[PDB]
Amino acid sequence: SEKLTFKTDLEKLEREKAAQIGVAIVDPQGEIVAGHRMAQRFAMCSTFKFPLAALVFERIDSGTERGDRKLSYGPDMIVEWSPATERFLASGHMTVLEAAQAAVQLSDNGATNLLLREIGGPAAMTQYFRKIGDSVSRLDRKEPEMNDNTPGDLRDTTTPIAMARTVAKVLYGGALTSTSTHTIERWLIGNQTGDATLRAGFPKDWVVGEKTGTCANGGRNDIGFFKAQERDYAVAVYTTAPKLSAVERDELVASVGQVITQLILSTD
């Protein structure tokens, strides 16, 4: 009902924009609220940096990593779009927390690779997904190649449903201590890269936090959480729109925001 509209409206976007749209919305326990191609595989792009941050916190939680440990690097660690890494380059390090926060709030690629160097690489990222009960999401490469988004390639993908549930796990499911959870949640709320995407599509009174992703070949994604009408939701949106402009891809994810708002409001 609400459901059929949700679906209809996405299918219209898909048609008119020549795009594929993958969406999952779940409650804090991971129960499905609404989805579209929810188990189609989509490249993660930078959306993985959020789970990367959760993995880091889990290791801080358990005493196997320290938030203020200094990670030294040189210019070899700078990749495309590494705004904070470049700033700290001369100082010669960024802490574990500095790097995680820049990865999350700026999508800093060098900071992401610095973290991956410390935690055991893509294999370790993937292991963590498995640890939090996600058996679908997979990191196979580092930045920037993990964003190649080669048509058909299953490397470095997830499904809206698995990622939605993973988000719910970290935010509501007890994967992190109450202190880590709160911190990573504030980080998503204060994300600097999501202004023109999902949150542009949600009402202004919802508490929204999220992490965007951009891949080659028309990938544009946004995952996070929102609290509407005192209910908590985890959401994952992955889109593929090869012939749209970057701006229009932003606008497409925003439009998806709207369709989701309509569903949630109509839902009881």
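Counting begins at 1, following the sequence as shown.
So, looking at the entry's B-factor column for Cα atoms, which has the higher mean, 223-231 or 47-55? Between 47-55 and 223-231, it is 223-231 that shows the higher mean C-alpha B-factor.
Give the stretch, out of 100-108 and 75-83, with the larger mean C-alpha temperature factor in the deposited entry. Here the higher of the two C-alpha B-factor means belongs to 75-83.
Go through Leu154, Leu116, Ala175, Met94 one by one and give the residue whose Cα B-factor in the PDB entry is largest. Reading the PDB entry, the winner on C-alpha B-factor is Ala175.
Could you say which of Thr166, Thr150, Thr193, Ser137 has its CA atom at the highest B factor, as listed in the PDB entry? It is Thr150.
Third of chain Cα B-factors occupied by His36: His36: CA B-factor falls in the middle third of its chain.
Taking the C-alpha B-factors as the PDB entry records them, is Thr239 in the lowest, middle or highest third of its chain? It falls in the bottom third of the chain.
Considering every modelled residue of the chain and its Cα B-factor in the PDB entry, is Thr181 in the lowest, middle or highest third? Tercile = highest for this residue's CA B-factor.
Using the B-factors in the PDB entry, rank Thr126's C-alpha atom against the chain and give the third, lowest, middle or highest. For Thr126, whose C-alpha B-factor we compare with every modelled residue in the chain, the answer is the middle third.
Select lowest, middle or highest to describe the third in which the CA B-factor of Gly213 falls within its chain in this entry. As the PDB entry reports it, the C-alpha B-factor of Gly213 lands in the lowest third of its chain.
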